[PDB]
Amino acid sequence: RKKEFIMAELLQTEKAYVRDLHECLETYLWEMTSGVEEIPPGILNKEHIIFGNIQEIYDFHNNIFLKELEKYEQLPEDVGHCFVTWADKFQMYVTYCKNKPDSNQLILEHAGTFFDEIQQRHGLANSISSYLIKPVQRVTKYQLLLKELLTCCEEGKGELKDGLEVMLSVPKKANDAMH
């Protein structure tokens, strides 16, 4: 029962994370790239700084990671292997984290209310900043879910330990990459 609640949350929150990145890309980002609205000179052609590599993070999750996690739904004790298999893809959170302070200052110093205008217009509860912290949140959350599975799965559970290892290493490496 506990391993099932954790797996369910894993999957449900993965779905929400995919939805959240997708919303960010198709509202805040799409307005910058669209050609429909007035883009401050302070940020023009700097969507790469603002959103960092969030496209590529979304594509990973939306094309691959969510489909694979789903296949482990009835195999919670094995899900650590999913993180082992895909460990290289998580390296992109290192890039994302590195960039995030530059992103935030850029939005602060140079965007005025461009993005707030967009938020009001689309009716979004979450601000551009709220969306852009999410990869940082998600990448530090997987390790908590794996720790919870470790408290309730038997010695058939180096298929959690190695997963957790990977999911402790990625955020530490992102952390250690910051200036």
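All residue numbers refer to positions in the sequence shown, first residue = 1.
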Per the PDB entry, mean CA B-factor is higher for 142 to 150 or 120 to 128, namely for 120 to 128
Of 34 to 42 vs 56 to 64, the stretch with the larger average CA B-factor in the entry is 34 to 42
From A87, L75, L108, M92, the top C-alpha temperature factor is at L108
In terms of its chain's C-alpha B-factors, the third that includes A177 is the highest
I49: CA temperature factor from the record, placed by chain third, in the highest
Split the chain's modelled residues into thirds by Cα B-factor; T27 lands in the middle
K100: C-alpha B-factor third of its chain, per the entry, is the middle
